[PDB]
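# Descriptive structure summary
As a plain string of letters, each chain reads:
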Amino acid sequence: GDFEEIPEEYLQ
Amino acid sequence: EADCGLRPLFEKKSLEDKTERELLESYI
Amino acid sequence: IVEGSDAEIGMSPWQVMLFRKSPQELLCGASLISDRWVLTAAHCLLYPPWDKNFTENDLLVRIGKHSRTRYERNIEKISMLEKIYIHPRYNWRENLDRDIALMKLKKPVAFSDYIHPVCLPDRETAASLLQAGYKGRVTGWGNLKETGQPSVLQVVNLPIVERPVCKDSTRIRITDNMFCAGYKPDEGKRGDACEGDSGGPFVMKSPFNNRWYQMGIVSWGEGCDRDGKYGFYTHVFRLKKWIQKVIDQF
Ligand SMILES: N=C(N)c1ccc2[nH]c(C(=O)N3CCC(Cc4ccccc4)CC3)cc2c1
Ligand SMILES: *[C@@H]1O[C@H](CO)[C@@H](O)[C@H](O)[C@H]1NC(C)=O
Ligand code: NA
Ligand code: NA
């Protein structure tokens with residue numbers, strides 16, 4: 001299925 | 001790297017994985 | 001990977017996952033060759049015929065993973081990219097010749113039981129191990145069949161195939177910068193890499209010093225595990241000079 005949410009620190 | 005290619009959970013502990021023997025056995 | 005099996009924990013500590021920021025998805029495989037450099041296939045980042053052109057800010061590199069979709073807290077490390085280098089002569093218009101790229105991490109990653117670099121071959125190791133009949137190992141979170149996804153990293157061991165056999169199995173013009181691997185229809189064994197696996201490593205264990213060396217990069221194939229067809233891999237040693245150049249100069 002889809003992927004699990006990863007920490008927001010790695011999306012900025 | 002100095003210790004490149006040596007896996008902590010395998011080579012460093014002298015433990016072999018499930019199928020590496022297959023690779024080694026093919027190297028005539 | 002098609003017809004492979006689940007990998008053991010820490011079995012491929014150099015395996016890297018190329019992860020797209022938004023929409024969050026798996027793009028390709030890759031390999032860790034040092035604390036700050038990742039090796040992958042150029043077509044994973046650039047392939048104009050499909051309007052694919054990712055830049056440093058478009059993705060993340062996930063290291064030390066085993067499970068394909070879970071965020072493995074305290075185990076995996078997610079890194080940002082500082083710079084991407086694609087081979088100046090990567091041939092995407094015709095046959096994916098020189099399908100290779102380097103990615104410089106913003107910050108070095110710490111090694112651990114699950115994160116450890118693979119070795120790059122030297123002329124002697126390559127000449128000694130790159131022979132028809134000799135088996136290598138491919139790993140990846142790619143498709144399980146041509147036409148779904150595995151829960152954890154998959155692994156398959158495949159024999160290197162004679163160049164004539166590789167050439168005579170396709171219409172594509174094959175170059176010195178690639179080699180093909182896989183079982184022949186009559187060998188009664190199957191397995192191949194597949195979409196999602198590209199960029200990943202094809203490794204071999206040296207019987208001389210017991211180290212694992214990355215001899216190839218999953219590049220392309222027609223379908224997956226089709227009889228009479230073979231997986232094609234970028235010849236890493238053949239392109240080592242360019243790799244060293246990029247690392248040394250940058
Ligand atoms: N069975 C395999 N070993 C295998 C492994 C990796 C792969 N990646 C792709 C894939 O999606 N590609 C993008 C489109 C490309 C089309 C192509 C094919 C030959 C020459 C030039 C371009 C192939 C790679 C197909 C494919 C097949
Ligand atoms: C790909 O994206 C880059 C942005 O860095 C752009 O400069 C280039 O023109 C684009 N197309 C190709 C084929 O590189
Ligand atoms: Na041909
Ligand atoms: Na095949």
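Residues numbered from 1 in each chain as written, not as in the entry; some residues may be left out. Chains lettered and ligands numbered in written order. Heavy atoms only, no water.

Method of determination for the deposited model, per the PDB record: X-ray crystallography, at 2.07 Å resolution.

### Here's the deal with the arrangement of the chains
Definition in use: The contact definition used throughout considers only heavy atoms, calling two residues in contact when any of these lie within 4.5 Å.
The interface with the most contacts, out of two pairs of chains in contact, is the one formed by chains B and C. Spatially, chain A is disjoint from chain B: no contact exists, and the shortest C-alpha separation is 26 Å.

### Regarding the domain arrangement of chain C
All names here are of chain C. Heads up, the condition is: An automatic or database domain assignment provides the domain bounds reported here. A quick way to say it: buried area is the sum, across both parts, of accessible area lost when two parts are put together, with a 1.4 Å probe.
The domains assigned to chain C are domain 1 (1–12 + 118–237) and domain 2 (13–117 + 238–249). Relative placement of domain 1 and domain 2: their C-alpha centres are 18 Å apart. On the domain 2 side, the residues contacting the 42 residues of domain 1 number 38 residues. Across the domain 1 to domain 2 interface the summed buried area is about 3,300 Å²; carbon plus sulfur atoms make up 57%. Taken as a group, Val-118, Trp-141 and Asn-177 account for 23% of the area that domain 1 buries against domain 2, more than any other trio of residues on that side.

### What to know about the interface of chain C and chain B
Just so we agree on the cut-off: We define a salt bridge as a side-chain nitrogen of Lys or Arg found within 4 Å of a carboxyl oxygen belonging to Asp or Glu. Pairs of N or O atoms are called polar contacts if they sit within 3.5 Å, as long as, within protein, a hydrogen donor faces a hydrogen acceptor (for residues adjacent in sequence, only side-chain-to-side-chain pairs). Helix and strand assignments follow DSSP, with helices taken as H or I runs no shorter than four residues and strands as E runs no shorter than two, numbered in order from the N terminus.
Taken residue by residue, the interface counts 32 residues in chain C and 22 residues in chain B. Roughly 2,300 Å² of surface becomes buried between chain C and chain B when both sides are summed, with 56% attributable to carbon and sulfur atoms. Here chain C and chain B share four salt bridges between them. Here chain C and chain B share 20 residue pairs in polar contact between them. Elements represented by at least two residues in the side of chain C that touches chain B include exactly β10 (135–140) and β13 (201–205) of chain C.

### As for the state of the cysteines
All names here are of chain C. Selection criterion: Only a pair of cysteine sulfur atoms within 2.5 Å counts as a disulfide in this structure description. Three labels apply to residues, based on accessible area from a 1.4 Å probe with only protein chains included: buried if under 20% of the type maximum, exposed if over 50%, partly exposed otherwise in between.
Scanning all chains against the criterion turns up four disulfides over all chains. Here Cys-166 pairs with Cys-180 through a disulfide, and the sulfurs are 2.0 Å apart. Between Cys-166 and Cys-180, the disulfide has an S-S torsion of -85° and is therefore left-handed. Taken together, the positions of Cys-166 in helix α2 (residues 163–167) and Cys-180 in strand β12 (residues 178–181) put the pair 14 residues apart, joining distant regions of the chain. Considered together, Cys-166 and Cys-180 belong to a single accessibility category, that of buried residues.

### A closer look at the packing of aromatic side chains
Note the following rule: By convention, a stacked pair of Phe, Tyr or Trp rings (six-membered ring in the case of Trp) has centres within 6.5 Å and planes under 30 degrees apart, an edge-to-face pair has planes over 60 apart, and any other such pair is tilted. Our definition puts a charge over a ring when NZ of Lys or CZ of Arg is within 6 Å of the ring centre and also within 35 degrees of the ring normal.
A complete count under the given rule lists 10 aromatic pairs over all chains for this structure. Arranged with centres 5.4 Å apart and planes meeting at 45°, the rings of B:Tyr27 and C:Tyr134 form a pair that is tilted. Placement of B:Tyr27 in the segment after α1 (20–26) and of C:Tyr134 in the loop between α1 (123–129) and β10 is noted, with the two residues assigned to different chains. With relative accessibility at 11%, the residue B:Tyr27 sits in the buried group. Geometrically, the ring pair formed by C:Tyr85 and C:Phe250 is tilted, given 4.7 Å between the ring centres and 35° between the ring planes. Since its relative accessible area comes to 16%, C:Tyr85 is described here as buried. Classification of C:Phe250 by relative accessible area gives exposed; the value is 52%. Taken together, C:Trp37, C:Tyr85 and C:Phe250 form an aromatic cluster joined through their ring pairs. Taking NZ or CZ as reference, C:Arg62 lies 4.7 Å from the ring centre of C:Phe19, over its face.

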